[PDB]
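All remarks here apply to the structure that follows.
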Ligand SMILES: [Os+3]
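Protein chains in written order, with the working numbering: chain A, 8 to 248; chain B, -1 to 221; chain C, 41 to 80; chain D, 26 to 194; chain E, 31 to 238; chain F, 5 to 184.
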């Protein structure tokens, strides 16, 4: 029984597939309708092939014959070749996101704010013109009727604004704030020593988790908000019917 | 759709001061960290300083600690390298760059560099060149190879442009890199190799130009 | 960059401007905030 | 000579048991690769969407930006007919009071905003002033935002809930 | 200590491998860069081994202990440029001396042309004697001046041109500057050149 | 013994030559392994930055939406003024509503001012106390606060959610009762 074991060992260490003992199958993904192709080749036992297809992880996968080490090396070769492609595409995505963010964070924000202020200014001008129109043309001395109500409202709000107390409260508040300003700044300068305790005390790990929990909350909150929004928009419909 | 425009460089007296500006386009400067890297003429690359705004960190090379001061305007989305107490050894082409997608981990690599700006620190003032002819000693009936050239001596700063026959003759021409003399003035030799029989026949005239001082000199090389 | 945008938005939020109504809101936090949450 | 066959067979089984592991590891890696790849594609889609949307917003801020050019040049154009009206009339204070009255409160809003800003500055600097770039004030702020939004949700939802009682007739 | 790179050379398509040795063996953070004359640096490899986007597959970076390596399996006519590595220790980014690769060719000796100073320059009070070594390979070439059979040094500068695009041969100008005084005191001006391709040092001299 | 002793040599050499390939596999693993492990961390990162942009753009939508309806009413109010002058060169009862509208609008803006003022009072009154304790006193203790906050926000959200669901279902009830 000696020259049999030897031949069997010589057979084991070989790509000829006489019980190669390095028989493992790897599933290569292939989209339909290419499944009908592949289609093994020289020394494939339909037993192994079907048994591979039997315990299939997901559809559109075809098994691949990995006999020994050069094959697994090759599989690695491919894996790197795809690694680089993955990283590249990912970087593309990254770059386009940077572009979008650069646009928004600078080019668009400024134009939004600027446009809003321009609107306010033009609103003022619009009311000014819309006011002078009601002056020069309507200077026929016959200005009355609904004017009384207008000047009544105007007088009410104007009287409400032009009050000593209401106007005084702000002035009192400001100084009332400056008191705390000075007091706080003094008490702060006094206790302006605990810096390392503060910086190191704050810098931690729970902060990262808290950020995550915050994002989750934000998502939940957004969802709820939009849900209510829809609940409103969907109700004002029923309000008509 | 991403670039780094670099400016603020040029000439300056020793011990002087400059502010280099690196305007970034295509990404928030705050999100990334921006780096400065200078390269001395004929020498290798030298890291200078780094800034990351979102962390509020600033790092400088030993060879410029305290003297230089890096910063970056987030609103203007631009980096700045403030250089003070300059020296003749700070004479280098300054580049500006950034790191990979954010940091991201500890993957320090400079993917996008600019084209850089040349900062020259020297004491010498503006000076026009003097073109001197290098006559041929080899006989015209030798049949071998005859060499000629011009000598653009004593000028500052760089660069200068030398041509032959108004751009016509170009084959065999060699305009050597300008070297630095003791005085602080630049000087070069612009040569050209031609057949021996061409001597006397072809009229060789070297055209030299120096823009910064408004100077142009055409000189005729002769036997 | 999400939480960053949340900060940035909540930063630009409490800072002006001339929008005919929306003035910047004062931030609380921690002690007052918990009670302010409970008083919901 | 058996001592050689023993070595052969031991080495065989030993390296087989390892090759199996390697292969398995490679398989797992493949799974990881495709599993991520799907997500990469999702990112491609999401990104393209973002891109298109940003382009749209870009488009919007040119129409809204030019609408503030026609409706400005015309506002300037009306001033001629206005000066003409003046020219016609030459051959009120209440409105002028109304405008200043409407305009005066804007300054109050502005000043109030300044106040609030300063209060925020003092509170924030007092609570912490050796690291204004820190993540605490960050969490504070974002968390305040969430509080406000949650309040909005609560209140408006309560309003809608109230609105339903009307239909319960 | 800003330093210039070691200029090596090889034929086209040769399997090239470059190596840097980091004093502190790092986890990753080792980028490799290429740079052509007049053009800024470009990124090749990052994270020590991860190839960067927009880079041919022939460039392959790797590591072996504390030594990081950049391999070019097949050198191409566009691969002729300077190559740098990068250490990064959070922080202080350190760039290696660099490494310039140049195209290899058959050995060719330089054409020597000595040029005396112009009479117009002597009018200003200066005398520059030039020695031109034209079109040779390799770049290694030695030059020594002789004034009346007296060896000179320090007063003679050298300037070399980039490797030619067509025939790939360098050109070297050796400039010996002097004052009218020291110049006029001598007669025999000999320029000695030493090169690999030549049988023995060829000296090109002239009498004032 | 020659053929045998040679055969064993060739065989053992071949096996050893195979084990070299096995080793070759073993060598090329850890690097590639790191490279692989790197991927999910980046895609899990880039996916986050995308969410940031989306939350940013989506926030940018409402900005224009506001700016849209604003210029549109300013377009009409600036248009209603010119048609009055164009009518004159060759609506007085209409602008009354506009002015009275601005009035009615501002009438509440004043109330907002009052509200915010009262809040500011109520707030600074607290600031006083905070400073009044902070002066009196003169890391790990506050970390508990954050948790105590978040665990309470969870509850508050879960509280609100019920209200929302109740409303929504309450609306669908009427919606149903409509076509039912
Ligand atoms: Os802050």
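The C-beta atom is built at its ideal place from N, Cα and C for all residues, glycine as well.
Status (buried if at least 16 other CB within 10 Å, exposed otherwise) for residue i
| i | result |
| --- | --- |
| residue 38(A) | exposed |
| residue 199(A) | exposed |
| residue 214(B) | exposed |
| residue 60(D) | exposed |
| residue 97(E) | exposed |
| residue 137(E) | exposed |
| residue 130(B) | buried |
| residue 161(F) | buried |
| residue 191(B) | buried |
| residue 66(A) | exposed |
| residue 46(F) | buried |
For residue i, the first and last residue of its enclosing beta strand (DSSP E)
| i | result |
| --- | --- |
| residue 36(E) | 36 to 40 |
| residue 68(A) | 68 to 74 |
| residue 86(E) | Careful: residue 86(E) lies outside any beta strand (DSSP E) and carries neither H nor E. |
| residue 167(E) | Where residue 167(E) is concerned, there is no enclosing beta strand (DSSP E), given that its DSSP letter is neither H nor E. |
| residue 193(B) | 184 to 193 |
| residue 44(D) | Premise fails: residue 44(D) lies in the alpha helix (DSSP H), 27 to 115, not in any beta strand (DSSP E). |
| residue 147(B) | 143 to 153 |
| residue 97(E) | 97 to 102 |
| residue 187(E) | 186 to 190 |
Start and end residues, alpha helix (DSSP H) containing residue i
| i | result |
| --- | --- |
| residue 182(A) | 171 to 197 |
| residue 136(B) | Segment: none, residue 136(B) is in no alpha helix (DSSP H) and carries neither H nor E. |
| residue 121(A) | 116 to 143 |
| residue 86(F) | 33 to 93 |
| residue 118(D) | 118 to 152 |
| residue 25(B) | No alpha helix (DSSP H) holds residue 25(B); DSSP gives it neither H nor E. |
| residue 104(F) | 99 to 141 |
| residue 157(F) | 144 to 183 |
| residue 53(C) | 42 to 53 |
| residue 206(A) | 203 to 209 |
Identity of the residue in the options nearest residue i by Cα
| i | options | result |
| --- | --- | --- |
| residue 70(C) | 163(F), 180(F), 160(F), 150(F) | 150(F) |
| residue 33(B) | 140(B), 25(B), 56(B) | 56(B) |
| residue 161(A) | 52(F), 106(F), 25(F) | 106(F) |
| residue 123(B) | 142(B), 184(B), 199(B), 5(B) | 184(B) |
| residue 215(E) | 200(E), 235(E), 204(E), 178(E) | 178(E) |
| residue 157(A) | 108(F), 21(F), 154(F) | 108(F) |
| residue 34(E) | 8(B), 72(B), 39(B) | 39(B) |
| residue 153(E) | 92(E), 204(E), 210(E), 69(E) | 210(E) |
| residue 167(B) | 45(B), 197(B), 202(B) | 202(B) |
| residue 74(B) | 207(B), -1(B), 21(B), 171(B) | 21(B) |
| residue 108(A) | 53(F), 130(F), 97(F) | 53(F) |
| residue 207(A) | 169(D), 183(D), 155(D), 189(D) | 155(D) |
| residue 61(E) | 71(E), 78(E), 46(E), 48(E) | 78(E) |
| residue 23(B) | 133(B), 0(B), 29(B) | 0(B) |
| residue 221(B) | 83(B), 176(B), 134(B) | 134(B) |
| residue 95(A) | 170(B), 98(B), 165(B) | 98(B) |
Under 9 angstroms by beta carbon: chain C residues contacting residue i
| i | result |
| --- | --- |
| residue 221(A) | 43, 46 |
Partners in chain F for residue i, counting only beta-carbon separations shorter than 9 angstroms
| i | result |
| --- | --- |
| residue 90(A) | 36, 39, 40, 42, 43 |
Residues that residue i contacts on chain D, provided the C-beta gap is smaller than 7 angstroms
| i | result |
| --- | --- |
| residue 54(C) | 145 |
| residue 202(A) | 155 |
| residue 72(A) | The premise fails here: residue 72(A) is roughly 12 angstroms from chain D at the closest Cβ pair, so nothing lies under 7 angstroms. |
Partners in chain A for residue i, counting only beta-carbon separations shorter than 9 angstroms
| i | result |
| --- | --- |
| residue 142(D) | Result: empty, since nearest Cβ-Cβ is about 11 angstroms, beyond 9 angstroms. |
Amino acids of chain F, ordered along the chain, whose beta-carbon sits closer than 8 angstroms to that of residue i
| i | result |
| --- | --- |
| residue 6(A) | Here chain A covers residues 8 to 248 and nothing more, so residue 6(A) does not appear. |
Partners in chain A for residue i, counting only beta-carbon separations shorter than 7 angstroms
| i | result |
| --- | --- |
| residue 52(D) | 33 |
Under 7 angstroms by beta carbon: chain B residues contacting residue i
| i | result |
| --- | --- |
| residue 113(A) | 75 |
Cross-chain neighbours of residue i in chain C, by beta carbon under 7 angstroms
| i | result |
| --- | --- |
| residue 127(A) | 58, 60 |
- Message: Which runs of the beta strand (DSSP E) at least 3 residues long sit entirely within the stretch 62 to 129 of chain B? Give them in chain order.
- Response: You should have 67 to 71, 76 to 82, 90 to 96, 115 to 119.
- Message: Restricting to runs no shorter than 4 residues, where is the alpha helix (DSSP H) found entirely within the stretch 157 to 193 of chain D?
- Response: DSSP runs (the alpha helix (DSSP H)) wholly in the stretch 157 to 193 of chain D: 160 to 190.
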